[PDB]
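J.: There's a structure below that I have some questions on.
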Amino acid sequence: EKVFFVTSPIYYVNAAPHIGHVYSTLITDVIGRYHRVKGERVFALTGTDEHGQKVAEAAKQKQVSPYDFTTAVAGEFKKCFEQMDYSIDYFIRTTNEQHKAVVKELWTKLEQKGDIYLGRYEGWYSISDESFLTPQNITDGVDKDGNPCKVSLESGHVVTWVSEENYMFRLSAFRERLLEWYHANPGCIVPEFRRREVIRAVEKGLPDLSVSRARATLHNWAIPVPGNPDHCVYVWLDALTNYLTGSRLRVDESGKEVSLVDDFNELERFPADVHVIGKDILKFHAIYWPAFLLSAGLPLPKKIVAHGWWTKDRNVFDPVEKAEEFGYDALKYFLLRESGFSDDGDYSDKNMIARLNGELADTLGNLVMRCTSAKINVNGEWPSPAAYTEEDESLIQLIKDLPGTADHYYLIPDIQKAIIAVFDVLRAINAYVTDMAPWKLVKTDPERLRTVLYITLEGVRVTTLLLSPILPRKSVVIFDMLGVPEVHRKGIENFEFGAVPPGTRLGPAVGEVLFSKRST
Ligand code: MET
């Protein structure tokens with residue numbers, strides 16, 4: 001039993017935070033939140049990648065010091081994430097002095113294992129991606145000036161030739177072990193088609209990887225190689241090490257770091273159970289990272305999950321403005337509902353309003369009000385049910401199964417599928433409620449209404465619970481309206497049908513609603 005350790009990528013600070021980072025961190029936040037709902041220990045991690053030529057040259061373009069630049073843009077990332085209302089346990093910065101120490105330790109470990117030698121890298125590089133590319137991954141294109149140039153096929157950013165004496169890591173020696181790893185743990189990369197991609201690439205063969213650069217090239221904005229101050233550590237080896245650092249940091253409740261433990265086992269976080277990443281940074285996490293860890297004699301992460309978006313890029317979205325307009329919880333819902341493992345996503349205002357109105361308001365919202373309405377629930381309490389009809393049983397079955405199903409989806413992790421599963425059950429509850437016409441039963445048959453109302457109430461409680469990682473603020477409101485005690489708002493014990501007893505009283509009236517419909 002360990003601390004469930006989930007991470008987001010750490011984002012370059014060349015520019016202000018935008019939708020892409022918010023999305024990536026959201027996914028990390030949800031996975032964390034679900035596992036806390038199951039009553040597990042969690043450590044969710046996010047932060048900023050502050051070294052390198054890319055970041056240095058952005059600070060240069062704004063005619064400001066790297067220290068001041070990175071610190072300002074970091075504060076912006078932090079402000080954005082506080083504003084987005086996540087439940088992240090720590091925000092790491094690669095400029096952190098304890099992080100630097102961890103990198104040198106890891107470097108020293110790889111060096112002592114014999115896996116680092118002085119060689120040369122002569123070949124193409126994308127500064128914007130901080131990525132080495134072979135000639136098969138470039139093509140002709142254009143720069144900001146409008147001259148003919150070479151560009152990455154990965155991303156379309158400008159590439160440049162590099163010929164440097166660099167320290168090299170023996171990546172080629174780890175090809176077979178990475179392959180054994182991919183096959184022995186077929187869940188280790190998600191979604192499955194990116195697992196195939198990684199195997200195909202490693203199958204083809206692996207060159208050694210440049211893990212240092214000449215200090216002139218990086219404008220001295222990087223961690224020096226231990227025992228060689230002429231060289232700086234590759235920004236990506238620096239960056240990937242944040243996962244290790246984060247796993248070794250004791251943090252106060254204020255969120256500030258206060259100690260770096262010698263040994264990761266001390267905090268029971270490492271290795272990560274899930275690395276959330278974008279599709280643009282797959283090779284670093286599924287090829288380079290496991291190879292460093294194997295060299296270092298460290299344990300590998302359990303899962304890498306690579307979503308359909310980019311970690312970084314240029315339907316314009318200031319996440320905070322859209323949240324101020326449509327709602328924080330609803331914006332998160334929409335991003336998680338609309339985004340599959342691809343770019344097949346419609347983020348138009350039209351479709352956002354359709355989903356807000358269609359699902360959040362009409363399906364979930366309406367259901368809460370019906371089962372809490374003074375009209376239908378005249379006693380304002382959880383009634384004790386009478387005998388169940390077959391129709392009752394069928395809905396009860398769906399509700400009884402929902403947690404196990406949603407659980408598996410959350411553990412893939414495929415949040416979209418989890419959301420869809422909950423809402424399938426919400427549609428079912430509405431259909432039942434339409435059939436039973438409890439408004440009519442209030443007069444006709446109060447005993448039958450007890451049964452119908454209780455099942456409805458319980459369907460709403462369980463669905464809301466399983467949606468609580470997605471709608472953290474609104475789940476609280478729903479629970480308050482239903483009058484569910486705090487103790488029952490968490491824990492797998494409360495995944496069970498019938499956890500909240502008959503006679504529980506509902507919360508007081510607000511009459512403000514849950515999700516107001518936006519005009520079309
Ligand atoms: C260890 S994850 C580093 C990710 C990189 N800074 C990016 O924004 O893509």
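Starting from 1 in every chain, residues are counted up; chains themselves are A, B, ... following the order of the structure tokens, and ligands are numbered from 1 as listed.
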Go through range 4-123 of chain A and flag each residue having an atom no more than 10 Å from range 454-472 of chain A; for those, report the closest pair of atoms plus their distance in Å to one decimal, using only C-alpha atoms, ordered by chain and rising number, as a Markdown table.

T.:
```
| residue | atom | partner | partner_atom | distance |
| --- | --- | --- | --- | --- |
| A:26 | CA | A:470 | CA | 9.2 |
| A:27 | CA | A:470 | CA | 9.5 |
| A:29 | CA | A:469 | CA | 8.1 |
| A:30 | CA | A:469 | CA | 5.2 |
| A:31 | CA | A:469 | CA | 7.7 |
| A:32 | CA | A:469 | CA | 8.3 |
| A:33 | CA | A:469 | CA | 5.1 |
| A:34 | CA | A:469 | CA | 5.3 |
| A:35 | CA | A:469 | CA | 9.0 |
| A:36 | CA | A:469 | CA | 9.0 |
| A:37 | CA | A:469 | CA | 7.8 |
| A:38 | CA | A:466 | CA | 9.9 |
| A:85 | CA | A:472 | CA | 9.1 |
| A:86 | CA | A:472 | CA | 9.1 |
| A:87 | CA | A:472 | CA | 9.7 |
```

J.: Let me see if you get this right: every residue at most 8 Å from ligand 1, counting only C-alpha atoms and all ligand atoms, written as a list in words.

T.: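 Selection of residues at most 8 Å from ligand 1: residues 8, 9, 10, 11, 12, 13, 48, 49, 50, 129, 236, 239, 240, 241, 242, 243, 277, 278, 280, 281, 284, 285, 311 and 312 of chain A.
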
J.: Keeping only N, CA and C atoms, write those residues as a compact mmCIF listing (two decimals), in the first residue's frame.

T.:
```txt
# COMPACT_ATOMS: atom_id res chain seq x y z
N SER A 8 1.17 15.73 -13.43
CA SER A 8 0.96 16.41 -14.70
C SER A 8 2.34 16.71 -15.25
N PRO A 9 2.43 17.05 -16.55
CA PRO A 9 3.71 17.53 -17.06
C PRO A 9 4.06 18.83 -16.36
N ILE A 10 5.33 19.20 -16.38
CA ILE A 10 5.73 20.56 -15.95
C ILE A 10 5.92 21.43 -17.18
N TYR A 11 5.25 22.58 -17.20
CA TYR A 11 5.11 23.35 -18.43
C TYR A 11 6.22 24.40 -18.60
N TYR A 12 6.79 24.52 -19.81
CA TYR A 12 7.79 25.57 -20.10
C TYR A 12 7.20 26.92 -19.79
N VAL A 13 8.02 27.84 -19.32
CA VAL A 13 7.54 29.16 -18.91
C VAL A 13 7.91 30.27 -19.90
N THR A 48 6.39 23.77 -13.22
CA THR A 48 6.95 24.49 -14.35
C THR A 48 8.38 24.05 -14.64
N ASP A 49 8.68 24.03 -15.94
CA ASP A 49 9.98 23.65 -16.49
C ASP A 49 10.69 24.95 -16.86
N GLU A 50 11.70 25.33 -16.08
CA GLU A 50 12.17 26.71 -16.08
C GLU A 50 13.53 26.95 -16.72
N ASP A 129 10.78 22.57 -29.10
CA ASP A 129 10.40 21.28 -28.50
C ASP A 129 11.51 20.71 -27.61
N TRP A 236 15.54 18.16 -20.66
CA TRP A 236 14.58 17.08 -20.48
C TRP A 236 14.94 16.10 -19.36
N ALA A 239 14.10 18.08 -16.44
CA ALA A 239 12.63 18.12 -16.31
C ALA A 239 11.98 16.83 -15.81
N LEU A 240 12.33 15.70 -16.43
CA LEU A 240 11.77 14.42 -16.04
C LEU A 240 12.06 14.09 -14.58
N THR A 241 13.20 14.56 -14.09
CA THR A 241 13.58 14.32 -12.70
C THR A 241 12.64 15.00 -11.69
N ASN A 242 11.77 15.90 -12.14
CA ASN A 242 10.84 16.55 -11.20
C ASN A 242 9.94 15.51 -10.52
N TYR A 243 9.61 14.44 -11.25
CA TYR A 243 8.78 13.39 -10.69
C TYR A 243 9.47 12.76 -9.49
N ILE A 277 0.25 13.05 -19.54
CA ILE A 277 0.98 13.87 -20.51
C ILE A 277 0.16 14.16 -21.76
N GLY A 278 0.62 15.11 -22.56
CA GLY A 278 0.05 15.34 -23.89
C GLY A 278 0.72 14.46 -24.92
N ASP A 280 2.31 15.21 -27.53
CA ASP A 280 3.58 15.76 -28.01
C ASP A 280 4.83 15.36 -27.24
N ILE A 281 4.69 14.83 -26.02
CA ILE A 281 5.87 14.52 -25.20
C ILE A 281 5.96 13.05 -24.80
N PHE A 284 9.70 11.16 -24.43
CA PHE A 284 10.44 11.53 -23.22
C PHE A 284 9.98 10.68 -22.04
N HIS A 285 8.68 10.40 -21.95
CA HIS A 285 8.12 9.68 -20.80
C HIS A 285 8.09 8.14 -20.91
N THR A 311 0.72 19.56 -25.18
CA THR A 311 1.19 20.15 -23.94
C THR A 311 1.43 21.66 -24.12
N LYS A 312 1.61 22.10 -25.36
CA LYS A 312 1.97 23.48 -25.66
C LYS A 312 1.69 23.80 -27.13
```

J.: What's the 10 Å shell around residue 110 in chain A, counting only C-alpha atoms, without same-chain residues fewer than 2 positions away, as a VMD selection string?

T.: chain A and resid 104 to 108 112 to 116 169 to 170 292 to 297

J.: Could you write out the selected residues, including N, CA, C and O atoms, as a PDB file, in the first residue's frame?

T.:
```
ATOM      1  N   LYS A 104      21.500  16.187  -9.885  1.00  0.00           N
ATOM      2  CA  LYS A 104      22.901  15.834  -9.756  1.00  0.00           C
ATOM      3  C   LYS A 104      23.072  14.414  -9.209  1.00  0.00           C
ATOM      4  O   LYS A 104      23.975  13.690  -9.633  1.00  0.00           O
ATOM      5  N   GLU A 105      22.206  14.020  -8.274  1.00  0.00           N
ATOM      6  CA  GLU A 105      22.240  12.669  -7.728  1.00  0.00           C
ATOM      7  C   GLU A 105      21.935  11.668  -8.814  1.00  0.00           C
ATOM      8  O   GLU A 105      22.620  10.658  -8.940  1.00  0.00           O
ATOM      9  N   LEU A 106      20.897  11.942  -9.591  1.00  0.00           N
ATOM     10  CA  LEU A 106      20.498  11.028 -10.640  1.00  0.00           C
ATOM     11  C   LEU A 106      21.595  10.973 -11.693  1.00  0.00           C
ATOM     12  O   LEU A 106      21.992   9.900 -12.122  1.00  0.00           O
ATOM     13  N   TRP A 107      22.099  12.130 -12.097  1.00  0.00           N
ATOM     14  CA  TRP A 107      23.187  12.169 -13.059  1.00  0.00           C
ATOM     15  C   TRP A 107      24.352  11.307 -12.591  1.00  0.00           C
ATOM     16  O   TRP A 107      24.857  10.480 -13.345  1.00  0.00           O
ATOM     17  N   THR A 108      24.772  11.526 -11.345  1.00  0.00           N
ATOM     18  CA  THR A 108      25.889  10.805 -10.746  1.00  0.00           C
ATOM     19  C   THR A 108      25.621   9.295 -10.742  1.00  0.00           C
ATOM     20  O   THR A 108      26.524   8.488 -10.977  1.00  0.00           O
ATOM     21  N   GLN A 112      27.868   6.578 -12.766  1.00  0.00           N
ATOM     22  CA  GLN A 112      28.508   5.474 -12.042  1.00  0.00           C
ATOM     23  C   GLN A 112      28.077   4.106 -12.530  1.00  0.00           C
ATOM     24  O   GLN A 112      28.812   3.151 -12.366  1.00  0.00           O
ATOM     25  N   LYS A 113      26.886   4.010 -13.125  1.00  0.00           N
ATOM     26  CA  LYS A 113      26.427   2.752 -13.727  1.00  0.00           C
ATOM     27  C   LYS A 113      27.099   2.516 -15.080  1.00  0.00           C
ATOM     28  O   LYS A 113      26.901   1.470 -15.692  1.00  0.00           O
ATOM     29  N   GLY A 114      27.888   3.491 -15.538  1.00  0.00           N
ATOM     30  CA  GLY A 114      28.657   3.374 -16.768  1.00  0.00           C
ATOM     31  C   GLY A 114      27.886   3.806 -17.995  1.00  0.00           C
ATOM     32  O   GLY A 114      28.351   3.625 -19.112  1.00  0.00           O
ATOM     33  N   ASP A 115      26.714   4.397 -17.795  1.00  0.00           N
ATOM     34  CA  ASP A 115      25.804   4.669 -18.890  1.00  0.00           C
ATOM     35  C   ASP A 115      25.915   6.087 -19.445  1.00  0.00           C
ATOM     36  O   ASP A 115      25.064   6.503 -20.215  1.00  0.00           O
ATOM     37  N   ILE A 116      26.956   6.830 -19.079  1.00  0.00           N
ATOM     38  CA  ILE A 116      27.186   8.158 -19.668  1.00  0.00           C
ATOM     39  C   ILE A 116      28.636   8.354 -20.113  1.00  0.00           C
ATOM     40  O   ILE A 116      29.558   8.192 -19.326  1.00  0.00           O
ATOM     41  N   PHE A 169      24.002   9.525 -23.259  1.00  0.00           N
ATOM     42  CA  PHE A 169      23.427   8.432 -22.456  1.00  0.00           C
ATOM     43  C   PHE A 169      23.247   7.216 -23.351  1.00  0.00           C
ATOM     44  O   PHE A 169      22.854   7.366 -24.522  1.00  0.00           O
ATOM     45  N   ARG A 170      23.504   6.021 -22.807  1.00  0.00           N
ATOM     46  CA  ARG A 170      23.477   4.779 -23.599  1.00  0.00           C
ATOM     47  C   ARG A 170      22.081   4.234 -23.878  1.00  0.00           C
ATOM     48  O   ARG A 170      21.794   3.079 -23.601  1.00  0.00           O
ATOM     49  N   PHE A 292      16.318   5.917 -18.187  1.00  0.00           N
ATOM     50  CA  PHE A 292      17.100   6.543 -17.106  1.00  0.00           C
ATOM     51  C   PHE A 292      16.906   5.775 -15.818  1.00  0.00           C
ATOM     52  O   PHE A 292      17.855   5.504 -15.086  1.00  0.00           O
ATOM     53  N   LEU A 293      15.653   5.431 -15.554  1.00  0.00           N
ATOM     54  CA  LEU A 293      15.283   4.747 -14.329  1.00  0.00           C
ATOM     55  C   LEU A 293      15.926   3.360 -14.276  1.00  0.00           C
ATOM     56  O   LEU A 293      16.457   2.962 -13.238  1.00  0.00           O
ATOM     57  N   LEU A 294      15.907   2.641 -15.396  1.00  0.00           N
ATOM     58  CA  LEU A 294      16.538   1.327 -15.453  1.00  0.00           C
ATOM     59  C   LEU A 294      18.023   1.463 -15.179  1.00  0.00           C
ATOM     60  O   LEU A 294      18.575   0.720 -14.377  1.00  0.00           O
ATOM     61  N   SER A 295      18.667   2.423 -15.833  1.00  0.00           N
ATOM     62  CA  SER A 295      20.085   2.684 -15.576  1.00  0.00           C
ATOM     63  C   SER A 295      20.310   2.966 -14.092  1.00  0.00           C
ATOM     64  O   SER A 295      21.175   2.380 -13.455  1.00  0.00           O
ATOM     65  N   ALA A 296      19.506   3.859 -13.541  1.00  0.00           N
ATOM     66  CA  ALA A 296      19.676   4.275 -12.157  1.00  0.00           C
ATOM     67  C   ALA A 296      19.307   3.210 -11.124  1.00  0.00           C
ATOM     68  O   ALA A 296      19.537   3.418  -9.945  1.00  0.00           O
ATOM     69  N   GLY A 297      18.725   2.093 -11.556  1.00  0.00           N
ATOM     70  CA  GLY A 297      18.202   1.087 -10.640  1.00  0.00           C
ATOM     71  C   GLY A 297      16.964   1.545  -9.878  1.00  0.00           C
ATOM     72  O   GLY A 297      16.751   1.134  -8.741  1.00  0.00           O
TER      73      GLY A 297
END
```

J.: Could you name the residues that touch residue 160 in chain A at 10 Å or less, counting only C-alpha atoms, but leaving out those on the same chain fewer than 4 positions away, as a ChimeraX atom specification?

T.: /A:123-127,132-133,149-152

J.: Let's see if you can do this: from backbone DSSP, list all alpha helix (DSSP H) residues in range 370-516 of chain A, as a ChimeraX atom specification.

T.: /A:370-372,390-411,415-436,438-444,446-466,472-482

J.: Run DSSP on the backbone and grab whatever in range 88-281 of chain A lands in strand (DSSP E or B); send it over as a PyMOL selection string.

T.: chain A and resi 90-93+116-126+131-133+138-142+148-152+158+160-169+189-190+209-210+212-214+224-225+228-233+249-251+257-260+274-278

J.: Of the candidates A:368, A:56, A:298, A:16, which one gets nearest to residue 109 in chain A if we count only C-alpha atoms?

T.: A:298
